[PDB]
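Quick heads-up: the structure tokens below are two forms of one chain, split into structure 1 and structure 2.
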Structure 1
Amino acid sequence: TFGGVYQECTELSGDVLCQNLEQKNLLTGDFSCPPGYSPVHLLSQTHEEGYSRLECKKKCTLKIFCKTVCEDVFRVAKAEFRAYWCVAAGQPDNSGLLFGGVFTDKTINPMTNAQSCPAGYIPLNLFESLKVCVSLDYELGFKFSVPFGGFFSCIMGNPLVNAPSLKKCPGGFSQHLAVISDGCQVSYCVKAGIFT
């Protein structure tokens, strides 16, 4: 079962960037997993954004000679985001989240053949631009849902494959690339054959 995703954020350059990066877990209201689920660290990265401002300053040589020089000063704003997903550490079986596919600002969600979530699904923000479609209404949301077999990234394996984590999809699941974040692959597992 799939327990949701979350993404923490930390400001390392005294700025304001986390507003877009952090994402709380639906089921807990916090950056944590529900009871019976364990966090699986997908990725840790530093998001950088260039901010250039022009500044003029008065410089005086000996106090009698006043000269105003105008330089634009370039600065970089940095914040670290840490993206995790929640996996069933044990086994309440009637819990978790339904999976309705993922997409980015540049890719499409094959479930809808558009950059959107299925009807009645919530997009959860992950990384810089990834969206994970999730529903909690089983009887209404199940119609648009596909079985989910886990995530794995270039730095963390998929704990659902059956010791360390292996970057593979389990059983009858196939791997599909979710996003490339700063040169690191992040893919997900769904049922084999569903996508065409």
Structure 2
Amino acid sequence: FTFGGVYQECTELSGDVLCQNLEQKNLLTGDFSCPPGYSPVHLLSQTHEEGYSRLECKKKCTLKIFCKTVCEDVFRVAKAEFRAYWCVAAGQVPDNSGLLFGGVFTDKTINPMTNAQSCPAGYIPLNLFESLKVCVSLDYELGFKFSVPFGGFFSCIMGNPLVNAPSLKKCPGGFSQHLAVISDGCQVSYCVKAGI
């Protein structure tokens, strides 16, 4: 099975502080898209809210004619929508280009491939959802050492098209199902080869 990457779009809803950390381009395309011959699979769309301190200035006046400005940190709420995708081969189309898969982890979970909140050596962490990191690499000769076969993603709203169109929330063939994250009550899982 070939892995065409993941990506994540973002739209600011109040403030403009969040999409910097929420948006994630696809390594393979330079954009929020899938390589030719791959299909975007929409895993999830949700809004992230966050409290932050914004610097603001305000004028206090005595009799509207003697005025002074003061600037302070003020507590505000930032909100933004993220829309999460992964890329799956619709057909065999042109090969062998695709990404090596090196596990996933969050700020509060651990990556079974490396047993650390990290990716294997030479791998890039890509942002997905609010805090998931997806470990990815492009160099087969150094990556395959640290790569596990990848069997797809699926979520509470979207099945896994690699199962063998019907989109079943399942893992294909000889792959085992593992929980990635629960994002605002929505389950997101991934599939890897049977193993510890």
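Counting starts at 1 and follows the sequence of structure 1. C-alpha atoms forming the largest set that superposes within 1.5 Å between two forms make up the rigid core.
Peer 1: Between the rigid parts turning between structure 1 and structure 2, which of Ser129, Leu27, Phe144, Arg75 is at the hinge point?
Peer 2: Hinge position among the options: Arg75.
Peer 1: If the chain moves as two rigid parts between structure 1 and structure 2, put down the smaller part's rotation against the larger in degrees.
Peer 2: Turning angle of the smaller piece versus the larger: 70 degrees.
Peer 1: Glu49: how big is its Cα shift between structure 1 and structure 2, in Å, with the core superposed?
Peer 2: Here the C-alpha difference is 1.8 Å.
Peer 1: Once both forms share the same rigid core frame, by what distance in Å has the CA of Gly14 shifted between structure 1 and structure 2?
Peer 2: That residue's C-alpha is offset by 4.4 Å.
Peer 1: Relative to the superposed core, report the C-alpha shift of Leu62 between structure 1 and structure 2 in angstrom.
Peer 2: For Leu62, the C-alpha ends up 14.0 Å from its position in the other form.
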